[PDB]
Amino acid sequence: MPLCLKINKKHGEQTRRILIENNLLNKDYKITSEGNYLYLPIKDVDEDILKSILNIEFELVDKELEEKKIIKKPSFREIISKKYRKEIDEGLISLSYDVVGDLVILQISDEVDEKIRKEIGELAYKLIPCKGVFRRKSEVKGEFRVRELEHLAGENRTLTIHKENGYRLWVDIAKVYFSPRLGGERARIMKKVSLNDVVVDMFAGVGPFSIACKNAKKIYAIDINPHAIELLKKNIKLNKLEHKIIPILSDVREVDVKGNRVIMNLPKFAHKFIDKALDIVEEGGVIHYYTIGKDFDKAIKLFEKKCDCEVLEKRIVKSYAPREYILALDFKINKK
């Protein structure tokens, strides 16, 4: 209410933290000053209880509207649930989305008319710091582990530069696999690496795991996807790691390399490469293994039925599907 307290600049702040504290500060208008006076817009209540909640004198001057700019914009989650409640209650739109670089990717069901998907994309382009909005069009389809997309708003380019854990990376969300949600898992690995380790990243994609191991001596980044290597090379030079990370284009099975730290970032077919990974890792070395399952028992069983190994750590990385998870196990391979 225009009914705003009028004190002298001097005890401004002190007096303001009291008005807000007692929840009597009308925060929909700006504070103002004219000379040595301070005009705090208060809510309303006889200056008899105001003459008590504080001890300095004042007055109640009722002034016009100085308007207050809207601070924050609402949230994508906040709005889609109010505008599309029906389809949400139908599980036909996700309030979750991820951001790779400066591009966003939403999940909207095929039922949703082509014209509304665009209205949603156009509503996420407006409500989220980005330059483009897409939509998942399929699951991660084998081989190069790529996922079909669909443009919905903004710039129609699939290239961009994601920045995580102190390093930057070139990514093409259209021809190469990349997950901005796996940065936590890379930080995990980042700490385990050693100044003397030699790291073999069996399926390096664009190199997020490789660059993450910048503390090691040498690093081999292998990938069968030709589009992967390109970015990988660029990623290597962009991070000043040329005489450290060696990119190789090939089927990891055909690579004759050797190392003490091996990363197996291929959750679904990882089990079909244990043989190569053990053939790669030096004795005493460790194998970062990823897989999909409801418990660790099955992975532990494979490895054991193949070498004397010790499970250093074993944790749950993320939910993979209804009641299924992506698991991570760090095996110490001593002998075999």
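From 1 onward, residues are counted along the sequence shown.
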property: Coordinates absent for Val61 in a third or more of other entries; result: no
property: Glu139 coordinate gap across at least a third of other entries; result: yes
property: Mean C-alpha temperature factor, higher of 201 to 209 and 87 to 95; result: 87 to 95
property: Mean Cα B-factor comparison, 296 to 304 or 39 to 47, giving the higher one as deposited; result: 39 to 47
property: C-alpha B-factor winner, where the candidates are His288, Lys268, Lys63, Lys276; result: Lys63
property: Residue, from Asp102, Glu111, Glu185, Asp223, that the PDB entry assigns the highest Cα B-factor; result: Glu111
property: Ranked C-alpha temperature factor of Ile219 among modelled chain residues, by third; result: lowest
property: For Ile116, the third of its chain into which the C-alpha B factor falls; result: highest
property: For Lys137, the third of its chain into which the C-alpha B factor falls; result: middle
property: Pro74 by Cα B-factor - lowest, middle or highest third of the modelled chain; result: highest
property: Within-chain third of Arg253 by Cα B-factor, per the entry; result: middle
